[PDB]
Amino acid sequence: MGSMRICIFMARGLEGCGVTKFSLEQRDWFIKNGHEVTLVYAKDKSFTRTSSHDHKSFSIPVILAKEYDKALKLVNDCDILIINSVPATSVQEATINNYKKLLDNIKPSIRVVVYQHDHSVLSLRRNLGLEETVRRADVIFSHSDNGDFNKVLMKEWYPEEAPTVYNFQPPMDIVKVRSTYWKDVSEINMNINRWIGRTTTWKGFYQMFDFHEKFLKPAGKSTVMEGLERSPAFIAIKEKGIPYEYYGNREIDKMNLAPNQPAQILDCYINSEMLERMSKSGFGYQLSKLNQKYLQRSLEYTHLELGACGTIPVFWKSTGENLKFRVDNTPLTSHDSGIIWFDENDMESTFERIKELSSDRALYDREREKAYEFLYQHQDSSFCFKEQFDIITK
């Protein structure tokens, strides 16, 4: 019921993945709804995927370790301070020290909002100041009431009344993407299967490799996996002697899209570039197989980008089973969504589906629309940020 000043703060730094995407998507919504916004991030630690999204023209970097004043001056110039990430466990005494001093000098007329974007305790543990950050917050959000942040970490800090933790969904303006990359069914290459994600076990990269060597490759299809970095978690792909063809983001045009080829792995990607390639690929894959406890209503940005750019979304079954439609709590697998639920113990019925859609384009374009409208209903900004804006205000 009035225009406010917002400061989005990422103390971990600008990593270029989910948290960075949420902030940018948060900034756009606030701006579109009449509010002034400033996006601030700590550059004490740097990241590879720092340019995946375009923020360079408006984001404001700051070195907490040696710019406390500018930092304090920025975080105090708003009505709502939203912290999406906290210093990592490797920043250096000065950084985590000044960040803690910042939380002690945020004027009284500022409502501090804290979003916890991680899932597993293992990730939650690599945070510094997360406890102080949470106690200073006037509002807290998490991906699941039954996730680790809620059931374990909030138990360690509040064994005199524990703050409420509201649930949220990482929203995105789906229409902007569609209206920008969607293509006519004729421009799509039904033989290019494109997987996107990062090198982490719950991201289902293994099953994509398996699915390619056993179904797509043998059938003349081509597979591209975008976003795999040789993180330590990559050693396992070495031990498992899994066939592949790595490509740096510079030599993308030397990638071989012909049949009878191993999984073509792309290092890391620029988000707008990936969407363009995806909007012209027959099927996009996002096999996140997170566990029941961590799943409530939150789909991931990689999930939403697939629906939004005009491809046929191929997600992990269990995921769509545990998650619930935002409109009526019903499982995502209970709707005629057009989505193709991936079954690990039945990759043949999955492949068969892809084959059908691969033959007649009428049904294909009939399934996109249903998938798009379904993902729109479930997680577009228009709805989700308004839900959060209301919890933050009242």
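One-based numbering along the sequence shown. Take the two forms, find the largest set of C-alpha atoms that superpose within 1.5 Å, and that set is the rigid core.
* Outlying stretch relative to shown form, 254-262 versus 234-242 in 4 other deposited structures of this protein, C-alpha RMS (core) -> The stretch that sits farther from the shown form in 4 other deposited structures of this protein is 234-242.
* **Farther-lying stretch by C-alpha RMS in 4 other deposited structures of this protein, rigid core as reference, of 92-100 and 225-233** => Higher average C-alpha offset in 4 other deposited structures of this protein goes to 225-233.
* Asked: Out of the other entries of this protein with residues modelled on both sides, is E276 skipped in at least a third?
  -> Counting only entries that model residues on both sides, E276 is resolved in every one of them.
* Determine, among the other compared PDB entries that model residues flanking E213, whether at least a third leave it unmodelled. => Counting only entries that model residues on both sides, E213 is resolved in every one of them.
* **Deposited residues omitted from coordinates between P159 and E160, as a class** => Per the deposited record, the segment joining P159 and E160 lacks coordinates for 4 to 9 residues.
* Read off the CA B-factors in the entry, average them over 240-248 and over 137-145, and name the higher stretch. => Averaged over C-alpha atoms, the B-factors run higher in 240-248.
* Do the C-alpha atoms of 229-237 or of 262-270 have the higher average B factor in the entry? -> Mean CA B-factor is higher for 229-237.
* What's the residue among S46, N33, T350, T38 with the greatest CA temperature factor in the PDB record? -> Each of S46, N33, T350, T38 was compared by C-alpha B-factor; the highest is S46.
* Asked: Between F315, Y115, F205, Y301, which one tops the list for C-alpha B-factor in the PDB entry?
  -> Of the candidates given, the C-alpha B-factor peaks at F205.
* **Within-chain third of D28 by Cα B-factor, per the entry** => Within its chain, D28 is a lowest-third residue by C-alpha B-factor, going by the deposited values.
* Rank-wise, by C-alpha B-factor, drop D79 into the lowest, middle or highest third of its chain. => Answer is lowest: the recorded C-alpha B-factor places it there.
* Asked: Among the modelled residues of its chain, does the C-alpha B-factor of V185 lie in the lowest, middle or highest third?
  -> Within its chain, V185 is a middle-third residue by C-alpha B-factor, going by the deposited values.
* To do: State the tercile, meaning the lowest, middle or highest third, of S51 with respect to the CA B-factors recorded for its chain.
  => According to the entry, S51 has a C-alpha B-factor in the chain's middle third.
* Third of the chain, ranked by Cα B-factor, where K293 sits -> Highest third.
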